[PDB]
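Considered here are two forms of the same protein chain, supplied as structure tokens in two stand-alone entries, structure 1 and structure 2.
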Structure 1
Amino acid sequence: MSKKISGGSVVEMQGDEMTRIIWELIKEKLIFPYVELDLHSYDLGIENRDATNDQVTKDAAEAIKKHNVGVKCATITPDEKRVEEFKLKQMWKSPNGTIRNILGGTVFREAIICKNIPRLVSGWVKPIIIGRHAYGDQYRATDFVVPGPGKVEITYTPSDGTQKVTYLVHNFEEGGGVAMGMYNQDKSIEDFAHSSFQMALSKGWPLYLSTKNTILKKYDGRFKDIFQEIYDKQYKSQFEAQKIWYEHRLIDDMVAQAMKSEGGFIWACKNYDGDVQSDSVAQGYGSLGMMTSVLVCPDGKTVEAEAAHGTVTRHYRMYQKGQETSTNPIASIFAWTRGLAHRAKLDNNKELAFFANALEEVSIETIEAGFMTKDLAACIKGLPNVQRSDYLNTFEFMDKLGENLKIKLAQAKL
């Protein structure tokens, strides 16, 4: 609509439920008024994905390869109950898995900190950065139900023409169950290691990798060996210069060490662990609504910013019944600022870069000034002691943000 700064090419991906509502408020009140964009939109709402048989999801991924920058809204991943809810043709796969599998790379997640917000974990005075391997494992697996007594096996047929190898997975003598198979590639694991070592060096913090190699001796063993190998041959000396270090730990030990630490380190996580632990860490610092998530591709030019949390169904349900909601929009806001910032970097656009940072400090300034959504208010007071007066609802908060942004930009221009 009414815009002024030249933003450039950006790939936008619309989402579902509560986040879809918030997403539009962000563009209308915080972005469009000040930035003119060459926008490429792809509606990843559950209805449009079903309509296009999920083709829209693949088109978006490819669009990101071309334009180099994407910003995504949380989306719904269908299970049986969802198929029945929207009368879907199929139980579509996670659009995040599809995008990540096509782009590849590492998803770096970190909390968004405000000085007036108490944490649930007492010692985290420094930031914890998680590097989630964005490829393979459970997010590209094959699983099915075992109908009754029978044999389940997994085989490998070499392109080198030698004899195929067959391994027994299990002999179901009586009754059925379930089975599945998953995998990962060396090249992808290699990129994962490089991005981890590089992130630790740019921050000047130690690096940790977690696996369960004692149980999955071959599978996880490969992650552990590739990391150690690349470290010894290309990064060990650089780490020592900055007096930092790299260590591998069993997932058990790692989550406990993290819990009692004071933060200040990079945490390389396999796909699943990175998925689960980034939520635990976000909640630890305060709220799932306060965290950044950016997929950094192996090219060092392409990026996809997103909100790590989901569509927030519980809040949407309330909305549908006419009950007042107080959903944190910051995570969704920082997906735009982080993306536009990268856009700025790639175009040497100082104005856009200025805008991206300006919106980020306005978000933090607002909350520290005392205006926040219910989740952050519960951090200060106890959830049981939170009063309606301690916070603004979803839309009152977007309005306040809007005014503050308008004031800061004016302050800058004048």
Structure 2
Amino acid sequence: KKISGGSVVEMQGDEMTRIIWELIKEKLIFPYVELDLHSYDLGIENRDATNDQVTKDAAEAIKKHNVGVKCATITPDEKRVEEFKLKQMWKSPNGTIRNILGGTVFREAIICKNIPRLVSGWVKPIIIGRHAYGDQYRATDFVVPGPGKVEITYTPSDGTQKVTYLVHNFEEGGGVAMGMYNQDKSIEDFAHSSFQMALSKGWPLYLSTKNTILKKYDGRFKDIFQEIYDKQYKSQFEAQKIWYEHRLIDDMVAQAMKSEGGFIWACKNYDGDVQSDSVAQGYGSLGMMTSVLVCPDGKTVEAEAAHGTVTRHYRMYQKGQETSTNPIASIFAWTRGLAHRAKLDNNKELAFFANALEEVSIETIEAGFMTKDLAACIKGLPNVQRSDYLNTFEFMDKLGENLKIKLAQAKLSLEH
């Protein structure tokens, strides 16, 4: 008898992460968990074949079933259009899913005691709450071909007025222009999720903006967060001896860098993207990070592996050359997704399994069993020998081996 997992929406990806995703399912999930799996192929060839409709359908399924688990995908550029003979240069599927679901993407490093940090002081975790909606990821940008005016206009639905703002009058030559936006309700949900995360972790909360430059745009994020804080969370924060504070982005990055960690950092969409990669790398490895989208309904989540598709590895794998790919972030997309599914259904066994697989992952690396990238973190790539690491299959087999052990011990620990 396997654990009755319930409904999970899965999104298949590309290149090396696609190969690894299938191994995770077959070796670590399917032998122990029985799921009502709703599969959507978000591979570059299937998104092309469906005119990117598959991405939209996957997002609607996540709304219906409340839990999604996503593999890393290619956001194509000119070179990818050539390689796959694409009909169009399809938009980022993470951007599409996030703009349908909305909410906040919570990112945290996956800490293994034997992996060295690149930032000395970071002894406690930094959780980034990245606003998942609008700004640059739902922007309208274009090339300005020559002289002419760029204007941005607002027309209320009542049709009683029109406001025209001059962006720029190009007098000689062209350039680029763009329009972007955000919604009050989305910012409000982003504020609530940031305050709630801070209270659940018992850590202070910092919101970063550039409101001295974007006085109206970033000023609105500052205003909404302060008003929600003062009216609904300030007394709860004081009771927990924590606090909420606004910081200018350039001040905040330096503050985060010299801190000892132990804080929630609410980031606007773009800063969340860039700063979560700097933080992940600061803790030791880019691919050692969780990434969970928490939707405004307080019920729907989408967990993902936020790193790349590992093309260099994929090319080696295609030529039959040996590869050593870190599967941890992809495993944690599954565990964070299964833990949330367990929390919705009150499934103690699924919750136990989700946590056990995270523990096994960390314990295996901590015992000295790891992929070539993690071995290069400790020893340095020139000093790495074949005996120091396990290839992709050896590591997956090793995790499966210890997962079988951990789960056997957990069953054997049960009182008669």
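FYI, numbering is relative to structure 1, first residue = 1. Throughout, rigid core stands for the largest set of C-alpha atoms superposing within 1.5 Å between the two forms.
Among the candidates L383, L39, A51, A369, the CA atom that moves 2 angstroms or more between the two structures after core superposition belongs to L383 alone. Here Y316 counts as shifted, since its C-alpha moves by at least 2 Å between the two structures after the core is aligned. The Cα position of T325 differs by 2 Å or more between the two structures after fitting on the rigid core.
Comparison between the two structures places the CA of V83 1.3 angstrom away from its other position, after core fitting. Aligning the rigid core leaves the CA of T166 displaced by 0.6 Å between the two structures.
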